Amino acid sequence: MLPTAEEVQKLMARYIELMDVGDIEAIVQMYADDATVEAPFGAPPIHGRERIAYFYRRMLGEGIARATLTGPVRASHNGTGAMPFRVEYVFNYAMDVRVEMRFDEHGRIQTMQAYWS
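Below, the structure is given as structure tokens:
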């Protein structure tokens with residue numbers, strides 16, 4: 000069965016925590032088997048869990064400082080939710099990210115679109 004509104008926030012609230020600490024391996028396992036990431040939305044989709052790992056290694060790999068919610072987690076009963084948030088980095095940077103997410107019956111991320119500022 001599809002994860003409830005409750006379970007979605009529990010899973011999506013966890014996303015921002017794994018981002019803030021920059022846990023790549025953990026986030027990659029949140030995603031379903033042949034999941035799609037569209038980040039930013041308008042660029043070619045990233046199919047497969049393998050290539051998603053690289054996207055997150057692009058974003059986090061360098062070393063993130065913070066990743067914090069800039070609005071409420073809008074969870075639906077269709078196993079989908081969106082949340083506007085922000086990421087900040089340490090270099091010798096910041097960006098407003100607004101992810102929408104779709105969960106399968108197994109509680110994993112099927113599709114993400116992310117809109118960057």
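Quick note, the sequence shown lines up with residues 0 to 91, 95 to 119 if you use the authors' numbering. Note that the Cβ used here is the ideal one computed from N, Cα and C, for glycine as well.
- For residue 19, the uninterrupted alpha helix (DSSP H) segment begins and ends at 4-20.
- Here residue 74 has 4, 7, 8 and 80 as same chain residues with Cβ atoms under 6 angstroms from its own Cβ, once five neighbours each way along the sequence are excluded.
- Of the residues assessed, residue 97 falls on the exposed side of the cut-off, its CB having fewer than 16 other CB atoms within 10 angstroms.
- According to the DSSP assignment, residue 54 belongs to the alpha helix (DSSP H) that extends over 48-58.
- Distances from the CA of residue 40 to each of 16, 100, 82 and 64 were compared; the closest alpha carbon is that of 100.
- Between residue 18 and residue 70, the alpha-carbon positions lie close to 16 angstroms from each other.
- When rounded, the separation of the alpha-carbon atoms in residue 114 and residue 2 is 16 angstroms.
- DSSP places residue 89 outside both helix and strand once states are collapsed to three, so it counts as coil.
- Around the beta carbon of residue 84, 16 or more other beta carbons lie within 10 angstroms, which makes this residue buried.
- Note on residue 0: under 16 other CB atoms within 10 angstroms of its CB, so exposed under the neighbour-count rule.
- In summary, residue 55 is buried, with 16 or more beta-carbon neighbours lying within 10 Å of its beta-carbon over all protein chains present.
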